[PDB]
Structures are given as structure tokens and as C-alpha cells.
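Student: Encoded as C-alpha cells, here's the structure I'll be asking about.
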Amino acid sequence: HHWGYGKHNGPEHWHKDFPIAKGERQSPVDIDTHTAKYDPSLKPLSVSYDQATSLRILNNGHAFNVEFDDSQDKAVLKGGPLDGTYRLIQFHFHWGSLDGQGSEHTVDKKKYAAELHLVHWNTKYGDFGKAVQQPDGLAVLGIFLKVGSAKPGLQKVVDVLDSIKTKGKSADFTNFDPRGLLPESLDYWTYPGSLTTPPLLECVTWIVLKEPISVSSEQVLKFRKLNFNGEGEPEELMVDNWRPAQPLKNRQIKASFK
Ligand SMILES: O=C(O)c1cccc(Oc2ccccc2)c1
Ligand SMILES: [Zn+2]
């Protein structure tokens, strides 16, 4: 498969190899704040990242992933809309070429500069590959980034990007604390959806925080110096690696807050 974000291999093309691209629960979506309803039934959200064990950071030619040890319940997401326990496996971002675009989810059609995806899998299914075959297999915590003040807890990420410039490069990335990427409030919207990259599987409970984090222009500029290409190939800057909003179809977005 040779998908990407360009004219010739971008999101409009994905449905030919991945027909679920035109499915009934695709992500991202626009979150219309005047149609999402507060749901008093939602339990409190629980982000338990104290024992998180980061391992490595990888440029996969589409984004970069920070990878965690998920062989036990070290960093887990529970509560909110979720039943049971979801283990953190990795995070990554989507970002733009300019500060006015980059997020995947939008808020009243507003695009943020970037969006962070913290990807977790349901432990009742034993492993990630089994979990993605289930409608409740994953929970992705989505966090918007806006440009303003620097985010200190991001800086160790931006500083390692020089070492994974091109597709296929990885670097050791131990002792990174994903708590430093969270906003103050855990107020969220939730809806059922999908992976936003091929294979676009419809296995995700999305939990999108209302409060963005601020990052500096210098920080996001360094994201934009990555490369989609491999070493010794012509340079294609890793920018605009976001899928646009997909049809909501027969889905309701619920708010955790009034
Ligand atoms: O779009 C994402 O957030 C995402 C996150 C993790 C993995 C992933 O892609 C695969 C999932 C299962 C099998 C092969 C690839 C996509
Ligand atoms: Zn993502």
C-alpha cells in the first residue's frame, strides 16, 4: 500500500484500497458544539499514566510515533464512556504547513494547528491486533494544539526530531512522561469512530478534550522539518498529514460538561 497525504495518494484516494474509507463510522468529524449534548451518564475520565514506560520514537513516513511498553497495565485510560481498561500503546500527532490547519477533528469548523492522538487498546482483547477487529477495541484521546506559549512537556519530543528526520528512522525515547502533554481540564466530547489512517478500521471510541494545549511557533516549526521521504530521496516535508472531517452519519457526539 502506498497511501499518503499528497494529490496523488491523499485521503480522496484511500477508498480504493480501503473501501471502509466511505463507511458509517469514519473519523475525524466536525464537532458542532451546539448539537453535542451533555450526557450526565458519562462516568468520570481516568488517565493513569504514572507508571508509563516509553521506549522509542519512530518516523513511519506518515507521522512519528512515540511507543510505550504495553505488556502490562502501566499507563491506562478508564472511565468516561469506556467499559474496562485501555492500555496506552503509542502517541502521535497530525499537523499543518501553516498554523491555520493541521488538526483532524474540528470544532465548529475551526481547525487547530495540530492534534495529538494518544492510542489505547482494550485489554479484554489481549493484544492490539485483536483489539482493532472489535467495535470497542481502541480508545483514542485527542488533544488539540494551538500556537502560543511553549509546552515544556513537549520539548523532549521536538529535540529528538533531528535524529528521525526520514522514513524508517527511530531513536531511543525512554523516560518520557506523557502527562506533560495534557491540558488542565479533562472536559471532553466523545463519539464512535475509526482510525484516521489506513486501514481506517471502525474500532475507536474517540475522546476529544475541549481544552487545547498551547505550543510555541518554534516547537511546531520543528515538526514541519521532518520528512515523509526516506534517507537519500528527494525531500518532501512532513506537513499536512491530516485527514479532513468525514460525514457524521447516524452518530451523536456527547459532551462530558454542561
Ligand atoms: O490512525 C491511527 O491512529 C493508527 C494508530 C495505530 C495504528 C494504526 O494503523 C494500523 C492499525 C492496525 C493495523 C495496521 C495499521 C493507525
Ligand atoms: Zn492520529
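Here chain A follows Swiss-Prot for its numbers: 3-260, in order, are the residues you see.
Every residue gets a Cβ built from N, Cα and C, even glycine.
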Student: Record says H94, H96 bind Zn(2+). Source is Swiss-Prot. Which of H119, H122 does it list for that same site?
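Tutor: Of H119, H122, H119 joins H94, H96 in the Zn(2+) site that Swiss-Prot records.
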Student: Quickly, which of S172, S196 does Swiss-Prot have down as phosphoserine? Just give the residue.
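Tutor: Matching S172, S196 against Swiss-Prot annotations yields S172.
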Student: Swiss-Prot annotation phosphoserine: which of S43, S50, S165, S219 has it?
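Tutor: According to Swiss-Prot, the phosphoserine annotation belongs to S165.
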Student: Round to a whole number and give the Cα-to-Cα distance in Å for the pair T198 (substrate binding site) and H96 (Zn(2+) binding site).
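Tutor: With distance taken Cα to Cα, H96 (Zn(2+) binding site) is 10 Å from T198 (substrate binding site).
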Student: Based on a Cβ-to-ligand 2 distance below 6 Å, what subset of the recorded positions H64, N67, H119, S165, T198 would you report?
Tutor: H119, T198
Student: May I ask which of the recorded positions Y7, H64, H94, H119, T198, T199 have a CB within less than 6 Å of any atom of ligand 1, listed in sequence order?
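Tutor: List returned for ligand 1: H119, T198, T199.
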Student: Can you tell which of the recorded positions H64, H96, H119, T199 lies nearest to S172 (phosphoserine) in space, using Cα positions?
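Tutor: Of all the candidates listed, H64 is nearest in space.
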Student: Counting Cβ neighbours within 10 Å across all chains shown, tell me which of the recorded positions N62, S172, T199 comes out on top.
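Tutor: Top count of Cβ atoms within 10 Å goes to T199.
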Student: Within 10 Å of the Cβ of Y7 (site 'Fine-tunes the proton-transfer properties of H-64'), how many other Cβ atoms can be counted across all chains shown?
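Tutor: Step by step: centre on the Cβ of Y7 (site 'Fine-tunes the proton-transfer properties of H-64'), count other Cβ atoms within 10 Å, giving 19.
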